[PDB]
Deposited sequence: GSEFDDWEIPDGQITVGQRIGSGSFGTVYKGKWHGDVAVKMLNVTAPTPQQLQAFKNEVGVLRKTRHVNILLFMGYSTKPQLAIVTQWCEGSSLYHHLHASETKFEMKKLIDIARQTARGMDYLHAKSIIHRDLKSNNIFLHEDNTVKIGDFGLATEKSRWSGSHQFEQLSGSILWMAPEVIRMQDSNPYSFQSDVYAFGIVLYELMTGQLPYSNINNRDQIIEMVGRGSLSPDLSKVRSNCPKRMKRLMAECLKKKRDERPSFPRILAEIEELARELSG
């Protein structure tokens, strides 16, 4: 707690970047990102829950997840992480329209899976995984974010729509959707009633022609309508590592 607190005198909040689970670029012993949560003058109960989550993030460390640097309470709850100069995967794919070579697509998927596997090995469900939460850092690594505050549509699993209902398996389906994004350059269904009941699912015929057959199949496994039929991240990750070498 205390040792991770970044008093508001120590940090310069800069340009507003956008919204997630509200994000600014900032300064604190170098560049950072600061997420301002929608809370000021927290009640003791909110403060407590917040301290609990910061308790989890404190102990998370992996090259493929956003590095946690500290939190603030005044004037607003906030979370500070390292800055990712390469914007988000969502921005790269659907806005600036960057076209990565298939090697790079496979690489991004792999790094994402490494971070997700790590989170899950740490008993952290993401619940919100999407191309918007996948940031590209200057060193060319990929960092998953927005996994904080655990205990507190295009990427949603059918069971998560037709209400837990969240689970590790629903995370896996989100990752399937990200794979779809990577291999079609598009978002799916480009509704709730139809995906929830399993008569509508992402159109896999759309995927790139040079997408390796094992990637396409893994995407399909991750996107299965009944969650028990989805592969865990340990197996997802091994399968990606095998095919990337093959």
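Stretches of the deposited sequence left without coordinates are 1-3, 25-26, 158-173, 185-187, 215-221, 278-280, in sequence order.
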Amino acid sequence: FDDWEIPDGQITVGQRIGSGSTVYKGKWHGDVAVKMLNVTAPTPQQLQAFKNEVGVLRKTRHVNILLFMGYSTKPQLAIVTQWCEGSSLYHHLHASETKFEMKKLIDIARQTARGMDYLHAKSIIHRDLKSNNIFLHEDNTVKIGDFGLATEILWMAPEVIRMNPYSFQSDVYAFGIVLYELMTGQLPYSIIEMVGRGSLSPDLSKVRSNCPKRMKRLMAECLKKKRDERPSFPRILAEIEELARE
From here on, numbers count along this sequence of modelled residues.
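Rigid core: the largest C-alpha set superposing within 1.5 Å between the two forms.
After a core fit, the C-alpha atoms in 5 other deposited structures of this protein lie farther on average from the shown form in one of 206-214 and 33-41, namely 33-41. Comparing the two stretches 96-104 and 122-130 by root mean square C-alpha distance in 5 other deposited structures of this protein, with all structures fitted on the core, the more displaced one is 96-104. Modelled in this chain, residue 141 is likewise resolved in all the other entries of the protein that span it on both sides, not missing from even a third of them. Looking at the other PDB entries for this protein, residue 78 is present in the model in all of those that include the residues around it, rather than absent from a third. As the entry records it, the average C-alpha temperature factor is higher for 220-228, out of 233-241 and 220-228. Two stretches are in play, 192-200 and 53-61, and the higher mean C-alpha B-factor belongs to 192-200. For the set 116, 78, 142, 93, the PDB entry assigns the largest Cα B-factor to 93.
Highest CA B-factor among the listed residues (150, 89, 108, 174): 150. Residue-level temperature factors show residue 11 in the middle third of its chain, judged at the C-alpha atom. Sorting the modelled residues of the chain by their CA temperature factor places residue 35 in the lowest third.
For residue 120, the recorded CA B-factor ranks within the lowest third of the chain. Only modelled residues enter the ranking. Per the PDB record, residue ranking by Cα B-factor puts residue 129 in the lowest third of the chain. Residue 180: CA B factor lies in the middle third for its chain, per the PDB record.
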